[PDB]
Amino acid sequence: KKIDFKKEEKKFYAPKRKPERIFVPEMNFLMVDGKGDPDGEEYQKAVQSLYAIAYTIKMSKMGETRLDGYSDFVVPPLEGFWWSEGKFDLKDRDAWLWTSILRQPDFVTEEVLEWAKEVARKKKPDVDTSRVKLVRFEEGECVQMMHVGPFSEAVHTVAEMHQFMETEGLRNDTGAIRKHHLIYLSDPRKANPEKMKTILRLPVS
């Protein structure tokens, strides 16, 4: 009875190295909005805060609080949305806008999140979780592809996805509403960039 999103819903986590259409149903997420370079402290803190909350929720089964509707779950891969506002140059990593996200089971409500922030304040006092929010949404119709290799080469994968959209008659909705979406299967701090695996997912209509 432990949820493992990667196994039970593998299609969302294991595309091949070619573009495919995918419909992404409603999911529940912890999210942190932020700005700037992923090498910077703000992004690192965002990721740390998400994991602090997710593991506080998961490990609640070993404490004295029974969360309503609790199910154990394998913490899923980190994901991110990426967009810009105003005139923008890609080389300008400080201008990047993003949201860092972790999927959660349905039982995670605002009340569960508030409880986890309080527990984490005690157990993990150096992590500020105040910007973590809970967002449920249906990402919907997308194209996705596994990108193997450095982030600087993602343009190759994105271009192939764009060509697939043309071939299939799909409109590219990517922008500031339906956002460019990465799912990180590798830890970029520990992985050889040449062998990193990242899902790139772009919304379509």
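Start at 1 and count along the sequence shown; that's the residue number.
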query: Average Cα temperature factor in the PDB entry - higher stretch of 39-47, 142-150; finding: 39-47
query: Segment of higher mean CA temperature factor, 23-31 or 60-68; finding: 60-68
query: Top Cα B factor in the deposited entry, candidates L134, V74, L90, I101; finding: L90
query: B-factor third for the C-alpha atom of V119 within its chain; finding: highest
query: Relative C-alpha B-factor of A14, binned into the chain's lowest, middle or highest third; finding: middle
query: Third of the chain, ranked by Cα B-factor, where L78 sits; finding: lowest
query: Modelled-residue ranking by C-alpha temperature factor, third containing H181; finding: lowest
query: Ranked C-alpha temperature factor of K1 among modelled chain residues, by third; finding: highest
